[PDB]
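The numbers here are math on the coordinates, done by the rules we state, and not lab data. Counting neighbours? That spans all protein chains shown, and the Cβs are built from the backbone with ideal geometry, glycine included.
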Ligand SMILES: Nc1ncnc2c1ncn2[C@@H]1O[C@H](COP(=O)(O)OP(=O)(O)OP(=O)(O)O)[C@@H](O)[C@H]1O
Ligand SMILES: Nc1ncnc2c1ncn2[C@@H]1O[C@H](COP(=O)(O)OP(=O)(O)OP(=O)(O)O)[C@@H](O)[C@H]1O
Ligand SMILES: Nc1ncnc2c1ncn2[C@@H]1O[C@H](COP(=O)(O)OP(=O)(O)OP(=O)(O)O)[C@@H](O)[C@H]1O
């Protein structure tokens, strides 16, 4: 035969496709879990990047093989669907191929394996949805306080766990707003975590409102105001210019003087229109003139200068005000009355050590707050801010999706017993397809036990010993919803520990891994050109 | 191709042990020299550990990570880079607990990070406060680096250069006491003169020469002006080029070039200045209208050097040359001077105060002597920076290593669990710093190190160190071998941060 | 130059066990296809060049003789299987290697072999108590006689054979042959002989000892066959006139002694014939052939003689008559003579056959086969030997279990359910012990040519519904209740096969280092 390449068919292309796919699983085997190990990503230039996140591992992993190129696209179907889950699809689907490769040597055609996998996947969603938990127990009943306390144990904040877990539980429930037909989700923006030196870490206070890290300057102006109008503006009340790169020409020396007198006179006209609206809360990015601050201490307007731009975007979103970029309305100068102003209740200049902050209370629609992490030095405050941010996203991603499931090895250990008893109920050349589907789901506690420095033959088997008793008899002495605590090396209940996972990350993982294992198993011939 | 499993856990160990075995004998005042062979036959006999690994190419990804973590550590502090790579290679060298015991690295990292908290707690117990107000105590700290140098003839004057430079940059009002030598203490070299001529002035010096005598020579009230825009032909928003090849194009371009520059130069001379400073370049025709007003032309200055000029006099940074005003004045400056120093012209905007900036002026008989002082003073400035950052010293010369390793042995008797076995290995890995000091001296290492541990057990742990000159054990309270605390704090921190990075790597894969 | 081994063959660790596990499978592959009644036979030739055709697992392993050390550990278990129960060497050889196959990936992952030892001792001890619970005693169930039940199990064992059409006649003869024996049952007592020619209906059952009788010498028209109480003599002496061993050569040069020389050579034959006449032996049986002159001697003395008897049939005659085999003739007396009630020379199959009936120690029988080929009768002899074996074990042991993989698929279901309730290292090992016991219904589908995956997937689905005695069928290509179809096996042989296969699998796993002495 004279063709334009090399041809190879048979079972030898089946064994070569599963050995190339399971080798990619070994790249993401040790990096699974919160205790996952780092791996070096050698570039073609010569530099190396140390990443342990499995989503960034498969993005930079370049294997020029079509069996490994199939597993590259499921990372793009995972983040666009839910956003998490990625490498748990890879270890499941590669162990699905390795168990199915043993079936090819045992005189089973893969057509019974493909049709058996789709019925094993649909029955896996049925057993999961019959054992779910509705998104509730937000107040009064803990699986939360204890849920965020496990994430906080790795840092120095974990000495007083009950003191700091209450600051993140009430902050998560404060940022809840439906806003579409009764959705309620949680926004990507969260509470602003500031820091100060309050002589110990025990002086943190849960402030129910946003706190600005700015100082008002003068003292003769009163710090306690009662009016509700809040003004936000981006144009500078200082001496203005045309452009940083384009300038106006000044030829005569006396012509230079009269534009300076006009700058002192046009500042008197702009302050007449701002204070006519009644707005006392004045926040200016570009700064406030020195003679303009003289008019604010007699009128009683709480003027704050040199405010950050990203802080003002959360302030204008709080009171529902509009950010004004330029004060000139394309032919003259106006203040845009009753448009850029919001409503509030009380703004107090609270005495906080080394940074006197500005707190706002009862705005229009903010739902945000602030946590003042008072401490001793910059070492303990910077590590506690990232601990609050890591504990915020744990409680956030759970209480969004409308129902959750106790995860961390509790899902796959319960599915290994039900799908085996379901496999003995069908027959018809698909019993071995579902029985090997149950053993292929056991690699999720198997890789978690070897990463927790425990005996993998004991820790996985302790999960299945408790999940089998839930199916034998419905008595309450059977332990139900048993998770995997990788820290102590002992299985515990996920309802008491608060370890929860969304359902859409668990359903779409079993859906995508079986469809990826179907496509590689359908390859029986190789053609190259 | 690819490699995973336990082979990369042993492969990264031998990659870091090979780098540590090269510069192991280059520790102390008796540091052995190393000979580098070039492809062109050149040979450099430098014993500096930063100079050896820079001129040696590596191919291992773990060995490449070993050099860059000490190179960044050299930019932070100017001392202690050799002790980092030695300690990072000794902590990974006991592979009996890594491979033979079949232990996961997570047990080792939980034992290594728990031993990191005992590094900071032990060094604060053997510390000693420093009377930084006395200049005699500051001379006994910087003298460890001035020995065996050409600057050692003028140690009484070279110590006044580095001490006055760090105190002006350090701001006590901010609380955190920041010192940055690269920006606020920019060192410049001037040929000519002697070593005694080198002094410290309170200002910023401009190395631009004087090309015309129609300039300001001595001005008591300098009127300074800062500008960001360029002084050249007007370019458009497109990317067109300027090419003058025809006589008709030569007249039309130069008439537009003269009319725009004279319109720009009329706005700066209406305020009657003394020196002009532009961010971009100044053309030749722009100096023709500038020399009629007798203004010193200073061009080609960076944006980072521009704010040091604005904080020296108090001027305003103006973006465009048409938008000058009367507030752009330099009232309060000391004197403007364009006086030549060794047939090189330098502009002086110095003052009689501390305007949050300074410079170092070096002089010498030849240009090789100029390069000798600037590499000794910059090494001396970072050591004296760590003393003023925190006035605390530690007993150096291996005394702090045996004091730390003694505290880990008594702590390991109360540390139960599986992690107590790699916890005791860090105590024996920290003994490699007094181990190589005796081996470089030439005495019996194990005969002296065993009596060194017996002195650290019964007697006080703050004394009985090693002297790297005679080869015996002396008391550290008698000799000035005291090390700064912030150097030894970041040394054990980086050696743990290197060992937490190389032991956590479990796979090496390729891909662009 | 100073070595510690210097030719010493020794190795230890994990791959010494993997080399011993895979070396166990080469012995199981030699007897993998011989399992089942429809199994394939193996061809073994010795050093002399004689080809042996047999499918019995006991005869294959006795002629293999593999010099591997782990292969020698499967030989003495097959030897102890013959002493403990009597047969089952091919069942414990296949079952021992499949225990090591399922735990072969578990050893390579770092699991210690001593934990697998603790799991094999646990699950086999549970398999002993699980067999005795499901085993039912069938003695007088449904008020049917035991003679009718013994013809039913032999009907299924002789099904799908050459005599599958006339199996109703052959089932009644194998029951009465064991019923003719005493309480001490033995397969060696009932012999099978073959007679060439005739249809399958002419097969007869001799109550006593009958042999081939290849004596084709003279001796017709005399020596009457019917005797009331004859004296059975078992000799090993040649009675020819010119024999290869009994002769007399004297070299004299006188014509007077030349008459005496031939007379002395005749007196060797005549005195050996006169001692049988004094002892009163009516029938003369000898291993060596008997000449035509000695047949004329007993013709006038009213006696019978028949030579060319094999020594195997002479020892069966000794156990029937109760006498003793005497080689010489001067020691022939009544202490070694036998007795019977009916002796006759029959003409079944065209050839002459002798048989005794009515012995005082008549504990042996003889089965006569008729057919158009000897290889038809050779496979009929082994099938009727299998039909006797199922009948014999039903009389000795009443507590039986369902064969055909029904007790193997039920033990695979209980041990899988026990493993789900046990945490620790005993879950993945006992669960692999239950899957390793499924090789008996799997190799029964492989040797029968059926679909091995289509039956076993429907067999485990039948056991999941509640079927406790469902197995494979050798006739139909589907599953059937082996308790209703009378496919039985005793519980004691199923227990002793499990404790021998677990002990043979434990002896391989407990060995980690091989010591060899250089000599
Ligand atoms: N709180 C927890 N307790 C115990 N186990 C957990 C917990 N959270 C996550 N896990 C386990 O860690 C695994 C997640 O691994 P990792 O985060 O390294 O990658 P991944 O998120 O699976 O990859 P991808 O982003 O594609 O899905 C899950 O399989 C889960 O079982
Ligand atoms: N006479 C001596 N005997 C023993 N030890 C000494 C003696 N003099 C100095 N030392 C110690 O030797 C140390 C220097 O060791 P080493 O050469 O390994 O580091 P280094 O090269 O100075 O560090 P860096 O590269 O950061 O400058 C000093 O910190 C000092 O405490
Ligand atoms: N008539 C039959 N129908 C179905 N299965 C049978 C029948 N006879 C035997 N078997 C099955 O065959 C298996 C044994 O096959 P085989 O007769 O080849 O070995 P064996 O000679 O019994 O072994 P051993 O001599 O060690 O007992 C038994 O497990 C039994 O269940």
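Quick one: go through region C:304-321 and flag any residue whose amide nitrogen is under 16 Å from the point 7 Å out along the Cα-to-Cβ line of residue C:242. It comes to no residues whatsoever. With semi-axes defined as the square roots of five times the eigenvalues of the C-alpha gyration tensor, the equivalent ellipsoid of chain C measures 55, 31, 18 Å, largest first. Looking only at region B:223-257, which residues have a backbone nitrogen under 14 Å from a spot 7 Å from the Cα of residue B:271 in the C-beta direction? Answer for this model: B:223-229. Here, region C:262-346 is characterised by an Rg to Rh ratio of 0.95, where Rg is the alpha-carbon radius of gyration and Rh the Kirkwood radius.
With a Cα-only, solvent-free Debye model of region A:81-199, what are the log10 I(q)/I(0) values at q = 0.17, 0.21 Å⁻¹? Result of the Debye calculation: -1.08, -1.32. Taking only the Cα atoms of region B:34-127, the radius of gyration and Dmax are 17.3, 53 Å.
Percent of C-alpha pairs per 5 Å bin in region B:376-477, short distances first: 2, 12, 19, 18, 17, 14, 11, 5, 1, 0.
With the convex hull drawn over the C-alpha atoms of region A:1-145, the volume per residue is 193 Å³. Summarising the label geometry, the points placed 7 Å from Cα in the beta-carbon direction at residue C:104 and residue B:59 lie 4.0 nm from one another.
The residue A:199 and residue C:165 beta-carbon pair, evaluated with R₀ = 60 Å, returns a calculated FRET efficiency of approximately 0.05. Counted by neighbouring Cβ atoms within 10 Å, the residues C:240, A:269 run from fewest to most as A:269, C:240.
What Kirkwood radius, in Å to one decimal, follows from the Cα pairs of region A:399-529?
Kirkwood radius, region A:399-529: 16.4 Å.
As a size descriptor, the averaged projected area of the C-alpha convex hull of region C:402-519 was calculated at 10.6 nm². Look at the stretch C:413-426: the mean tally of other chain Cβ atoms within 10 Å of its residues' Cβ atoms is 4.
Rounded to the nearest 0.05, what FRET efficiency do residue A:115 and residue C:271 have when you use their Cβ-Cβ distance and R0 = 60 Å?
On the way: r = 90 Å, r/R0 = 1.50.
FRET efficiency, residue A:115 to residue C:271: 0.10.
With respect to chain B, whose longest principal axis is taken over its alpha-carbon atoms, helix B:61-76 is tilted by about 60°.
From Cα pairs below 8 angstrom and at least 6 apart in sequence, can you work out the relative contact order of chain C, rounded to a whole percent?
25
Which three semi-axes in whole Å describe the equivalent ellipsoid of region B:73-152, each the square root of 5 times a Cα gyration tensor eigenvalue, listed largest first?
37, 18, 9
Using Cα atoms only, what is the angle between the long axis of helix B:485-502 and the major principal axis of chain B, expressed in degrees (0 to 90) to the nearest 10? For helix B:485-502, the angle is close to 70 degrees.
Taken residue by residue and averaged, Cβ atoms of other chains lying within 10 Å of the Cβ of A:240-253 number 5.
Kirkwood hydrodynamic radius for region C:208-322: how many Å is it when counted over pairs of different Cα atoms?
On the way: mean 1/r = 0.0652 Å⁻¹.
After inverting the mean inverse Cα-Cα distance, the result is 15.3 Å.
How big is the antiparallel share of DSSP beta bridges in the protein assembly as shown, given as a percent to the nearest 5?
In the protein assembly as shown, approximately 60 percent of DSSP beta bridges are antiparallel ones.
Residues B:512, A:197, A:467 in ascending order of nearby Cβ atoms (within 10 Å, fewest first): B:512, A:197, A:467. Hull volume per residue, based on the alpha-carbon atoms of region A:185-244 and their convex hull, is 259 Å³.
Note that chain B carries a Kirkwood radius of 27.1 Å, evaluated over its alpha carbons pair by pair. Across region A:267-412, the convex hull enclosing all Cα atoms gives 183 Å³ per residue. Roughly speaking, what % of Cα-Cα pairs in region A:172-301 are separated by over 25 Å, rounded to a whole number? When every Cα pair of region A:172-301 is considered, 52 percent fall beyond 25 Å.
Annotation: the residues C:514, A:447, sorted from fewest to most other C-beta atoms within 10 Å of their own C-beta, follow the order C:514, A:447.
When each of the peptides C:435-443, A:400-408 is scored by the mean number of other C-beta atoms lying within 10 Å of its residues, the order from highest to lowest reads C:435-443, A:400-408. Computed on region A:240-384, with alpha-carbon pairs under 8 angstrom and 6+ residues apart, the relative contact order is 16 percent. Just to be sure I understand the curve: with the Debye formula and one point per C-alpha of region B:429-511, what is log10 I(q)/I(0) at q = 0.11, 0.14 Å⁻¹? Debye intensities relative to I(0), on a log10 scale: -0.43, -0.62. Cα-based values for the protein assembly as shown, radius of gyration first and Dmax second, are 51.7, 186 Å. Here, region B:108-239 is characterised by an Rg to Rh ratio of 1.14, where Rg is the alpha-carbon radius of gyration and Rh the Kirkwood radius. Put simply, chain A fits an ellipsoid with semi-axes of 59, 30, 20 Å; these come from the alpha carbon gyration tensor as the roots of five times its eigenvalues, largest first. Scaled to the globular estimate 2.2 N^0.38 Å, the Cα spread of region A:41-86, given as radius of gyration, is 1.26. Compared with the dominant principal axis of the Cα atoms in chain A, helix A:86-105 is inclined by about 10°. Within region A:303-357, the percentage of alpha carbon pairs spaced more than 14 angstrom apart rounds to 69%. Mean partner shielding of peptide C:452-463, defined as the number of other chain Cβ atoms within 10 Å of each residue Cβ, is 4.
With viscosity set to 1.002 mPa s and temperature to 20 °C, compute the Stokes-Einstein D of region C:1-132, Rh being the Kirkwood radius across alpha carbon pairs; µm²/s, no decimals. D, rounded to a whole number, is 124 µm²/s.
Could you give me D for region C:129-264, from Stokes-Einstein at 4 °C and 1.567 mPa s, where the hydrodynamic radius is the Kirkwood radius over C-alpha pairs? Units µm² s⁻¹, please. The estimated diffusion coefficient comes to 60 µm²/s. Once the Cβ-Cβ distance between residue B:459 and residue A:51 is put in as r, and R0 is 51 Å, what FRET efficiency do you end up with, to the nearest 0.05? E between residue B:459 and residue A:51, to the nearest 0.05, is 0.55.
Helix-only mean residue ellipticity at 222 nm, chain A, DSSP H runs n ≥ 4 weighted -39,500 (n - 2.57), per residue, nearest 500. What is it?
-14000 deg cm²/dmol
At a threshold of 8 angstrom on Cα-Cα distance, excluding pairs fewer than six apart, so keeping six or more, what relative contact order does chain B reach in percent? For chain B, the relative contact order is 26 percent.
For q = 0.31, 0.32, 0.33 Å⁻¹, what log10 I(q)/I(0) does region B:470-512 give under the Debye formula with an equal point scatterer on each alpha carbon and no solvent? The computed values of log10 I(q)/I(0) come out as -1.03, -1.05, -1.07.
In this simple spin-label approximation, residue C:421 and residue B:21 carry label points 7 Å from Cα along the Cα→Cβ vector, and these lie 6.0 nm apart.
Each residue, residue C:334 and residue C:250, gets one label point 7 Å from its Cα in the Cβ direction; the gap between the two is 3.7 nm. Taking the Cα of residue A:377, stepping 7 Å toward and past its beta carbon, and measuring to each backbone N in region B:461-501: which are under 19 Å? Within reach of a label on residue A:377, which here means backbone N under 19 Å from a point 7 Å along Cα→Cβ, region B:461-501 contributes B:483-497.
Here, region C:55-147 yields an orientationally averaged convex hull projection of 9.6 nm² when only Cα atoms define the hull.
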